[PDB]
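Engineer: opening piece of the complex, as it sits:
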Amino acid sequence: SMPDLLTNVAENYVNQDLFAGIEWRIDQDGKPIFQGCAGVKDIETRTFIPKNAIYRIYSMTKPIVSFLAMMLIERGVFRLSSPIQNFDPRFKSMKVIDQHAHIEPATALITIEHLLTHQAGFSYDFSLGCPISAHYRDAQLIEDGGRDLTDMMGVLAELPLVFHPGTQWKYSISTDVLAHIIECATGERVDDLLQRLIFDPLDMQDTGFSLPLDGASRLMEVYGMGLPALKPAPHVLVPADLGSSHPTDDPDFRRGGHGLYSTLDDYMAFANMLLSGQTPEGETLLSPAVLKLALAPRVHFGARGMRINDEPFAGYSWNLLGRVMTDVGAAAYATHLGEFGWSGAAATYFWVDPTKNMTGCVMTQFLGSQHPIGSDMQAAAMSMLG
Amino acid sequence: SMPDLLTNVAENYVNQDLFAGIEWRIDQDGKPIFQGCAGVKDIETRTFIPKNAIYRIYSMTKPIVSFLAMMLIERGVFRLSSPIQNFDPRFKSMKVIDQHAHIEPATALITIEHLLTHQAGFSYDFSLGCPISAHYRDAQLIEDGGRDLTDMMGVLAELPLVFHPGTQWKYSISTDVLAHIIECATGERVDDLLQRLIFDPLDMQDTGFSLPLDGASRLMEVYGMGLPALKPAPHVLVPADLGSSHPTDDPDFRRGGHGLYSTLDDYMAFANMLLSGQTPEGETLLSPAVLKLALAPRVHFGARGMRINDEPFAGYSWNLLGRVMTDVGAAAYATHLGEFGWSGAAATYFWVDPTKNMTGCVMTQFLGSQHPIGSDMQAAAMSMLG
Amino acid sequence: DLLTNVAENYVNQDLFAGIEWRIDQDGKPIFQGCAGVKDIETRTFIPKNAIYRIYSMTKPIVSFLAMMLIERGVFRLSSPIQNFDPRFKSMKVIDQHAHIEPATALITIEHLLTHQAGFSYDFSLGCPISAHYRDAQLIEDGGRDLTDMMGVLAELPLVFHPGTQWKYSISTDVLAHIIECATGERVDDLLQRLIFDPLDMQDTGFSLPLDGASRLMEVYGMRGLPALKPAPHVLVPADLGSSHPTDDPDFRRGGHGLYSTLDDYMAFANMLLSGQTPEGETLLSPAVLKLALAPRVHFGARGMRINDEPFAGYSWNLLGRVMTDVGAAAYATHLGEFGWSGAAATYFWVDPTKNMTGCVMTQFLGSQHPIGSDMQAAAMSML
């Protein structure tokens, strides 16, 4: 008897000229229970959202690459404690910089676990106030999408970290490092590994670093507004300029922390899989023991809690794949203990809620959103599911 | 439908010339579910691993002697709070040394519990950077295997501890002290007590401080490389020189922390027993209440966690028998809450996992291993068992 | 003659093109010399009354002007700067975790003089705000009027709450600007009337004298993205872009930008021994001079540091560094020795216990060698 709060949230966002087009699906027990769409592909022509619409998922790439890493751990390729310098010696002899201009040698080696937990000491180009992000931007680590992953890593490896590995948490480019170390450890490319081990088994036929052959007409327009801003830009539906960060048809483009195109249907296949570690037919992608290892809360936060560019993730801890709800009494929106997942910079969002055998995903394209659509849609779904 | 990851790990280790020969068995509900062997007895002749192959188990001696102590506690011989000086007055008036050359009287008495928990303040001959290990080496505590346990204890008793009893944790020679105090308290020899109370009831016919009569041909060769090294020696299969630390046929040789020979089959009998405190026929070796007392997490660690010679045991606490997993979200390899067990210096490893009614043991002979074979095999078994 | 040996070795090792020094005691020269050339390209000798870009040796001059204005009642140490320019109302503070919040204290004149206002500097490595300074071209755009530069700066966050920490900064430029607001006069005119003319410093100013082109020393060094490691110390001419014009009539700043000579700077240094001209005219009373020289900022474990470079045993007063612990010092000095230095390796000191002043003039940006301190040490050892 609960009304469709999901449609209400999405329709209100579209009617208020805040998002061009939105799709969502909530599954329970691996089957759709709520779904919908609102708005259009692009406001310029008001073309309808195509069937199998394609989205730039940005950091919803991270749980996928992290899951691949867990598969490779299970298969014995490396372990959580593996020092990354054993696979790429460019990461030997790291340095650490601080906000007082002091540089010193790193006193701990960066491990696979540090990459998965964002405790390696890396930063991100867009990090406001960061002691090193200016050097990332100078180096065009994120901006230069045409640079091969392997070559970008050589440039990153020469830069200092912003804390000693293992000692702090900061959301970072470490997932890109992870994708690179995966290539070093396996002698295979990360895009090929993702295809064979995850995408093909889950029938995620539209997911990858380049557009599918029939993909151009299905690509959703991205909206929203270098030097990190001191205040948010106005939330206005103007098409976004991506420069050369996110090519549509570059065969060698591959990353760990962003860069995938996907669809609502494909991402739901991945999210549903995370409830069990199995494909719907029962093929095991990751054993229950290693899935538990991956989902267990691993980084706990103090006062201030988990923050990214000072934005809060209230009641969340970090596990090897992304956020995990560890205190409903600290949470800022409806959830259950153990709810996990992640999100992307263009406002795509997903969650998995093992207590309700529930998964949800919201797909839209807005960079620099001032409205937390993902959390609003999660809260709506939670309210609809008893 | 999981593949045999255990055989894969073991075969890869043998094929990579890292270990000469490996045996393993994983039991569930007291019956073998996975087992195998890889490699050879010795690489010099490539003699096949004999049936009932014998291994030097080193500190896998400690859980056995600790279990004996718990049996003696149950039987009223002594208690956890018993001061050891009540049984051997040579341990009266202990002193404590620090890294600043300062020596002072100990402000707490060493108890049975301190010995079982490595909180007594003892160290070990091979401890790098230790304020007292140089004096242990001068005294040849571990090296002089031909010295009677009772006499070695007289030499140890004259040396200072490295902290006040009960105040810190450091992995140590305290299990040897425990074996000695057991002899003082009972008026019996520790090898005889182990034979009567543990080995014979569990039919561990090949376990003891000297080789069985038909044991010489069954003894696995030991490989790998005094002054504690500042960096690991290269991991290379060269036969190890044991000096006079580990005699094969000395009738008075007995210790608490090392020195036992055993077999995969015998050690699995001991490990399976730890699931219940009973023999397979139902004889109670230790009551459920005292078993619970022995297994409950007893020493908890701060930042840095549990470490031995600065090597981590991530997510582990210490109980009266060895390690116990207390945080899967801190663990570095697959496990479940409450998984417990220990390991030896020649890379033998075992675990007990009450959540899965599971036990596992890996037997091999490599001193100074740079590859954590025990944890790799545990992780493989965990991944194979849902 | 340890001073000559140090300077000649520096020249002979191709580390500095040309160096001049003078050390006075009781207002008269006791040691002096020069080594090297004006420019390595033509090997012209160092000219009579050679002109140097003194960079942050501008700061003690502008700070001294502020003390004169305090004495004359224009403002006081506790004056909130927002009372003079409301663009500095409602400041914000940024941290290394991207957190921004309102400042919980007002910036005062004292904060500007002590670098405790929360400002930073464009070239500050690892700074939470220096990227925004560089984007704004605060130092780079020398052609921009001081008054307009301040408007751009005022919109940026501080890096700590005023009064709560120390960080060497652009605050002296803010001070020059606030002096203009408070007096209704230009800082260059004020400096001319109150300091330069009374001390006969006729070659000191923000523009070159009319006959000054042939007297200007060449500036060397590779040292605006802050370097992670020093550039090699090699004598290549420096490109100053538009940061440091020679003939802009409106160019004026508080923290850098002055041209001066060895002789002019020694006149200023000698004056700081007493607050008087050599003739006995008072520029600053003994009481306010004491207030200005007293150690005011004391440092913790790391000591005083600028871009992580140490100033061992030094505390900060209203004009610059002051030696407060000879047993912590890294080079010969005495308790109470004070002074400052500039980015092109110019250096001076005043040592009251010895009635001694010293100045070393050279032009090298990004030096890997502490020429100024080496020369002070040499001079101290020659006493």
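Structural biologist: Looks like it came in fine. Numbers count the residues shown, from 1 in each chain, chains lettered A, B, ... in the order given.
Engineer: neighbouring contacts of stretch A:109-119?
Structural biologist: The set of residues that contact stretch A:109-119 without belonging to it, under C-beta atoms under 8 Å, 6 or more residues apart in numbering or on different chains, is A:66, A:69, A:73, A:78-85, A:91, A:94, A:120-121, A:161, A:165-172, A:174-175, A:177-178, A:181, A:298-299, A:318, A:320-321, B:332. Backbone N, C-alpha and C define where each C-beta goes, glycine included.
Engineer: taking these one by one, which sit in helices?
Structural biologist: A:66, A:69, A:73, A:174-175, A:177-178, A:181 (DSSP state H).
Engineer: quick check, nearest of those to chain C?
Structural biologist: Minimum distance to chain C across the ones in helices among the contacts of stretch A:109-119 is 17.5 Å, recorded for residue A:174 (C-beta to the nearest C-beta).
Engineer: and that closest one, how many neighbours does it have?
Structural biologist: Neighbour count of residue A:174, defined by other C-beta atoms under 10 Å in any protein chain shown: 26.
Engineer: and the gap between the residue in chain A positioned nearest to chain B and residue A:317?
Structural biologist: The nearest approach of chain A to chain B comes at residue A:296, 3.4 Å away (C-beta to the nearest C-beta). When distances are taken as C-beta to C-beta, to the nearest Å, residue A:296 and residue A:317 turn out to be 9 Å apart.
Engineer: next: residue A:96.
Structural biologist: In this structure, residue A:96 and residue A:317 are 25 Å apart, going by C-beta to C-beta.
Engineer: now residue A:71
Structural biologist: Residue A:71 sits 23 Å away from residue A:317 when distances are taken as C-beta to C-beta.
Engineer: if we can go back for a sec, columns distance to residue A:195 on top of the ones in helices among the contacts of stretch A:109-119, output as TSV?
Structural biologist: Listed next are the ones in helices among the contacts of stretch A:109-119 as TSV, based on distance: C-beta to C-beta, whole Å:
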residue	distance to residue A:195
A:66	17
A:69	16
A:73	19
A:174	23
A:175	18
A:177	21
A:178	17
A:181	19
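Engineer: and chain D, same structure:
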Amino acid sequence: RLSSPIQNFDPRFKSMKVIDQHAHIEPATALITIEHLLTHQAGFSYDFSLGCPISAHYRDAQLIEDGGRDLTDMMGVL
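Structural biologist: One more chain to add, chain D, which I have set with the ones above:
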């Protein structure tokens, strides 16, 4: 000068490591200077230091014992 890093004069003193009483070794986070040598704040020890995390290694190396070894060679070992 007091602040001179000693590695500028002998590069064998580049990339020093630091050991503790818990067997932990990590890279030194500061360069050894002339002042550190004069003040015994460089982090060196002595062969006869009781309870020291490194003095056993000094004794093994015979730093003080081997007086016949040239100073220059002794330093390479240290």
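Engineer: which residues of the stretch 101-250 of chain A lie near chain D?
Structural biologist: Proximity of the stretch 101-250 of chain A to chain D, by C-beta under 8 Å from any C-beta of the partner chain, involves residues A:104-108.
Engineer: top of the residues you listed by number of neighbours, please.
Structural biologist: Each of those was scored by neighbour count (other C-beta under 10 Å); the top score is that of residue A:106, with 24 neighbours.
Engineer: so what's residue A:217 closest to, chain neighbours aside?
Structural biologist: When the adjacent residues along the chain are set aside, residue A:217 lies closest to residue A:50, with 6.5 Å between them (C-beta to C-beta, 6 or more residues apart in numbering or on different chains).
Engineer: neighbours around that neighbour, how many?
Structural biologist: Each residue near residue A:50 was counted by other C-beta under 10 Å, and the total is 15.
Engineer: that one reaches residue A:41, doesn't it?
Structural biologist: Yes: Residue A:50 sits in contact with residue A:41 when judged by C-beta atoms under 8 Å, with a separation of 6.3 Å.
Engineer: pretty sure residue A:375 is touching residue A:331, no?
Structural biologist: No: the pair residue A:375 and residue A:331 fails to qualify as a contact (C-beta under 8 Å) at a distance of 9.8 Å.
Engineer: endpoints of stretch A:180-193, how far apart?
Structural biologist: Here the two ends of stretch A:180-193 are set 12 Å apart, with distance taken as C-alpha to C-alpha, to the nearest Å.
Engineer: equivalent analysis for stretch A:10-26, please.
Structural biologist: The distance separating the two terminal residues of stretch A:10-26, taken as C-alpha to C-alpha, comes to 14 Å.
Engineer: please apply the same query to stretch A:351-360.
Structural biologist: Separation of the first and last residues of stretch A:351-360 by C-alpha to C-alpha is 5 Å.
Engineer: buried residues in it?
Structural biologist: A:351-354, A:356, A:358-360 (16 or more other C-beta atoms under 10 Å in any protein chain shown).
Engineer: nothing else from me, thank you.
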